Amino acid sequence: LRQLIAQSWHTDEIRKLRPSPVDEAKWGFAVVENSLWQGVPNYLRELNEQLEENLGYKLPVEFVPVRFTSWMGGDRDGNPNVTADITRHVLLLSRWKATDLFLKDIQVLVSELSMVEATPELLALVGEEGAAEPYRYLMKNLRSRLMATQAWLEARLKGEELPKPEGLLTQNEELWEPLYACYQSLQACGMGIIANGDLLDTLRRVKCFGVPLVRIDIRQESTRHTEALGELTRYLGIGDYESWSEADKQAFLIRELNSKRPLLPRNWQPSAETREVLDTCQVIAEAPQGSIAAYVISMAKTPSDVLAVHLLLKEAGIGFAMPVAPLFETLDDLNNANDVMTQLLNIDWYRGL
Amino acid sequence: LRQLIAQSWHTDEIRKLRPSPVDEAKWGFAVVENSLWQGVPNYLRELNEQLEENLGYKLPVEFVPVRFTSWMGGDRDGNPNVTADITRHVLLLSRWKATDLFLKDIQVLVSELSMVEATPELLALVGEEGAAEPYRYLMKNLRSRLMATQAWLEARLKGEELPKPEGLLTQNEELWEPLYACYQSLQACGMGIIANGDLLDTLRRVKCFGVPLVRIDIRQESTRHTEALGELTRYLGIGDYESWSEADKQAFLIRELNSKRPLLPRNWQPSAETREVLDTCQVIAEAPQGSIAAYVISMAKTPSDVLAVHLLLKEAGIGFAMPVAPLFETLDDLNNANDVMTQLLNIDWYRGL
Amino acid sequence: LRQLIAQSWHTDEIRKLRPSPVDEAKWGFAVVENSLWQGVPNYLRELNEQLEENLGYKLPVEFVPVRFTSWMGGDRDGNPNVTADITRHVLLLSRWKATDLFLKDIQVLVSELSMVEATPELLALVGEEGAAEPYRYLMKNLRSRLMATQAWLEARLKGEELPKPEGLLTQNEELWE
């Protein structure tokens, strides 16, 4: 205790310079490893004991109701320093860190799963080679696969581009799958107590944190999307989006949202600001699905504000449906909020997207 | 002589299978190294001796009127096997081979240019470090630079992608420049006879063959460009280009040629054929300027045939003006040829391009 | 001719410092590649034509009566500068150079020996894999083996110690065979 207190009196650190989005993103990893990593599964164990005791049933293993997300390196609202480059970086770092923590979990499992009794199905999944140490086989495979993607990300973090390894991890299913295979045979074969221990903790961290460790949220003001699209439209000679009435903008946006011909000029020369808007949707599009939780529009005032980001994301080439969220943060915006959403819900195109 | 004849009687080789564009491209490199390499400069020496003797003047060193080009791996007219991939490859191989032959030239120069007397200008160009062996300095630099790009291309040829070296050679000026520097000081400093020997031979091979060794020509039928563009237009819901009258197609082509908004769908799914047409313009665009001599349109029948390839090249993102050539190869096309070109020359847009 | 003479008038080199045993050893490699390399075999061809013409028989292929040796980097008599280190080096360099010249010979052979007819014994020696291009097989093998030892010696010359490759060449029998 004395040692620890002396530490803090003498271990003085004072930032001399403004922290950076990466620094802030790093503090969030500190919170994840020093507390959330143990905390979520314990929360899930207690919660589960209580359901059975009081209600008579336990949630199924596949149901993990908690998820942690971060805005660190995702929120650019009013922050010049959070550029598309930094987001790209932070996106990368999270994956590096999930590999770090996932490795510790798997080491433990590689040594503790010395069981040799497996189900037809599980033996099938390995069949020979590792059929004399089945659960250890699957954990050994994943360790390598994790070690591979780890190695890849430290290169990328360094600025080195190099083809990605055979077993690069991008999705939680790639982690979940094998882990769940062990659980099932362990349960099936009478090793329930081993299944429900460290593996269960890892199964739940997979869905709670997974591959990205902590999904990020992107957030930019509505105003900046308008400027990007105005600049685009004047360059194309189509007109000036930031002057059109709101009925016109929706018209323009629904037209283009349904259009099969592209709009974003192949090799263009926009202003810094606009490029940032364009680059960030490119990072979104580029990132593995499930890395980004949502696109938040601070200062959302009209139906065109939401349709705008959908247009940009489409131009950035995005394969999945990205949840966009208006952020009403004024008395009148709050007051108009329900009107803004019923109009949005009335557009059939929006409704189905 | 007996040895050599026996060789051919017994050294029997018979292709068992159809040669490939690369094979044919290789035979062309054999012709270049076994005969053109010595032949062009000798031709240029004789030609120059004759001008001075009979007319009283010699052409200037910078004027090399001969250039060799190949269609091998460039001509796809009627040849399925000459795909955009093969062209990309052959394009690469030529550069590998020019590095091979250029290295032999430079070795000779690195050892023979032991002169130490240089001009202010030439010493300036090195200044210290290699200022005690100036011409040897510049040749030593180029040797490395050639050896660097050589190394790079053998990787690419192998299918390995890796950032390109500091001094990668892409243009003839990169070779010409230093070589010409030596010539000037050698002349200036009284070493005329050394200048006009092996260096002069290398100077002329630079412009005659240069970096690409032998520029290629691309050639596809007009008919295939029509199909690519028809397919595109029906996908976009604009109509069907291969049904429109010729006045309409020109209208469509001049419209799009002036358009700042792109046309080629970001991530599209065309037919094999169309993709080949699209991929090849991508190779053209991707290749260093001066690798491709011209785009030949076999079966050119109307003004829209030429405007078509310009449209496609624009969609493929091309920074320079690529010479397109109609190939009239029928009695009626021949007969209509002058009509076809006066209409083309009457379009102001075409005239200025 | 004019070019060549001008070369020598203007290509002036004058050692400023005493040459070293390696330099002298290098001049000897220049003599070997610019003249002995072609010279010995021509001498052996002429000599052989003459035996058959005048005496009626030719020496057997295995009999090569000439051998060249050097004292460069071997003679320390009165020469401090020719230390055990230099000899070690020169010993190494010679092997590097024999690999250089032997490679040129083998390239030629790898391309010119396109024959497919071989003896039981020769096919046996390859048996399958390269049994559809037999002489080319054996030359291809040796090229690699030479390229391997070449690579090894340039490392050693550089001062790098690293285990020696599978097919390192050390004896003439390895080439002869």
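Deposited coordinates in this entry are attributed by the record to X-ray crystallography, at a stated resolution of 2.8 Å.

The PDB entry lists chain C under the name PHOSPHOENOLPYRUVATE CARBOXYLASE, with Escherichia coli given as the organism. What the PDB record gives as the title of this entry is "THREE-DIMENSIONAL STRUCTURE OF PHOSPHOENOLPYRUVATE CARBOXYLASE FROM ESCHERICHIA COLI AT 2.8 A RESOLUTION".

The PDB entry lists chain A under the name PHOSPHOENOLPYRUVATE CARBOXYLASE, with Escherichia coli as the source organism.

> Help me out: how do you make sense of the interface of chain A and chain B in this one?
Often, the extent of an interface is quoted as the loss of accessible area upon association of its parts. At the junction of the two partners, chain A supplies 14 residues and chain B supplies 14 residues. Between chain A and chain B, a total of about 1200 Å² is buried, with carbon and sulfur atoms accounting for 56% of that surface. For chain A, the biggest contributors to the area lost against chain B are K260, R261 and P262 of chain A; these three give 51% of the whole. Taken together, the connections running from chain A to chain B amount to two salt bridges. Ionic pairing is found between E256 of chain A and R261 of chain B, a salt bridge with its closest N-O pair at 3.0 Å. The interface formed by chain A and chain B contains seven residue pairs in polar contact.

> Quick question: what am I supposed to make of the sheet that holds strand β4 (residues 324-327) of chain A here?
Sheets are built from strands paired through backbone hydrogen bonds, the pairs being either parallel or antiparallel. Residue and element names in this part refer to chain A. Read across the sheet, four strands follow the order β1-β2-β3-β4 without closing on themselves; strand pairing throughout is parallel. Looking at which strands have only one partner, the edges of the open sheet turn out to be β1 (69-70) and β4. In this sheet, β4 lies alongside strand β3 (residues 292-298) in parallel orientation, the contact comprising four bridges. Each residue of the ladder has a partner; that of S298, found in β4, is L327.

> Is there a simple way to explain the interface of chain C and chain B in this structure?
Taken residue by residue, the interface counts 13 residues in chain C and 17 residues in chain B. Remark: the boundary between chain C and chain B carries two salt bridges. Of the charged contacts in the structure, one is a salt bridge between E13 of chain C and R136 of chain B, with a shortest N-O distance of 3.4 Å. At the surface where chain C touches chain B, the tally comes to two residue pairs in polar contact. The element best represented in the side of chain C that touches chain B is helix α1 (residues 2-10) of chain C, accounting for five residues. Taken together, the residues of the side of chain C that touches chain B sort by class into two nonpolar, five polar and six charged.

> Could you clarify how one ought to interpret the packing of helix α9 (residues 246-258) of chain A against helix α11 (residues 303-315) of chain A in this entry?
The relative placement of two packed helices comes down to the angle between their axes together with the axis-to-axis distance. Residue and element names in this part refer to chain A. Orientation of α9 relative to α11, taken along the N-to-C sense of each, is 25°, at an axis distance of 10 Å. With respect to α11, the element α9 is oriented roughly parallel. The element α9 and its partner α11 pack so that their crossing is left-handed. Across the interface between the two elements, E246, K249, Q250, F252, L253, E256 and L257 from α9 touch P303, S304, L307, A308, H310, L311 and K314 from α11. Of the residues that constitute the contact of α9 with α11, the class distribution is seven nonpolar, three polar and four charged.

> Teacher, can you tell me more about the packing of helix α2 (residues 21-55) of chain B against helix α3 (residues 84-112) of chain B here?
Residues and elements named next belong to chain B. The contact between α2 and α3 brings their axes to 10 Å, and the two run at 25°. By the angle between their axes, α2 is roughly parallel relative to α3. As α2 packs across α3, the resulting crossing turns out to be right-handed. Residues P21, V22, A25, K26, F29, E33 and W37 of α2 form the contact with α3, whose participating residues are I86, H89, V90, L93, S94, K97, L101, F102 and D105. Residues that form the contact of α2 with α3 fall into these classes: ten nonpolar, two polar and four charged.

> Would you take a moment to explain the packing of aromatic side chains for this structure?
Given two aromatic rings, one states the distance between the centres and the angle between the planes to describe the pair. This structure, assessed with the given rule, holds 19 aromatic pairs over all chains. Between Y235 of chain B and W268 of chain B the ring centres are 5.7 Å apart and the planes differ by 40°, which places this aromatic pair in the tilted class. Here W268 of chain B lies in the loop between α9 (246-258) and α10 (272-286) and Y235 of chain B lies in helix α8 (residues 222-236), a separation of 33 residues in the sequence. Taking relative accessible area as the criterion, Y235 of chain B reaches 24% and is therefore assigned partly exposed. One aromatic cluster is present, formed by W37, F68, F102 and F209 of chain A through successive ring pairs. The side chain of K207 of chain B reaches across the aromatic face of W176 of chain B, ending 4.5 Å from its centre.

> Help me understand the environment of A337 of chain B, please; the structure alone is not making it clear to me.
All names here are of chain B. Relative to the assigned elements, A337 resides in helix α12 (residues 331-346). With a relative accessible area of 11%, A337 lands in the buried category. On a C-alpha basis, the gap between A337 and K301 in space is 7.8 Å, while along the polypeptide they are 36 residues apart.

> Looking at this model, I keep getting lost on the environment of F252 of chain B. Mind explaining?
Residues and elements named next belong to chain B. Mapped onto the elements of the fold, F252 is located in helix α9. Taking the C-alpha atoms as reference points, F252 and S304, separated by 52 residues in sequence, lie 9.6 Å from one another. Among all residues touching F252, those that are not within four sequence positions of it are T233, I238, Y241, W244, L263 and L311.

Rules behind the numbers
Residues numbered from 1 in each chain as written, not as in the entry; some residues may be left out. Chains lettered and ligands numbered in written order. Part of a larger assembly, values for the part shown. Heavy atoms only, no water. Contact = heavy atoms within 4.5 Å. Buried area = accessible area lost by both parts, 1.4 Å probe. Salt bridge = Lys/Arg side-chain N within 4 Å of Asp/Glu carboxyl O. Polar contact = N/O pair within 3.5 Å; in protein donor to acceptor, adjacent residues only side chain to side chain. Pairing = 2+ DSSP bridges. Helix = DSSP H or I, 4+ residues; strand = E, 2+ residues; numbered from the N terminus. Nonpolar A, V, L, I, M, F, W, Y, C, P; charged D, E, K, R; others polar. Axes fitted to C-alpha atoms, helices over the stretch in contact; angles between N-to-C directions. Parallel < 35°, antiparallel > 145°, perpendicular 65-115°, else oblique. Left-handed = near helix turned anticlockwise from the far one by under 90°. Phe/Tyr/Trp six-rings, centres within 6.5 Å; stacked < 30°, edge-to-face > 60°. Buried < 20%, exposed > 50% of the residue type's maximum accessible area, 1.4 Å probe, protein only. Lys NZ or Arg CZ within 6 Å of the ring centre and 35° of its normal.

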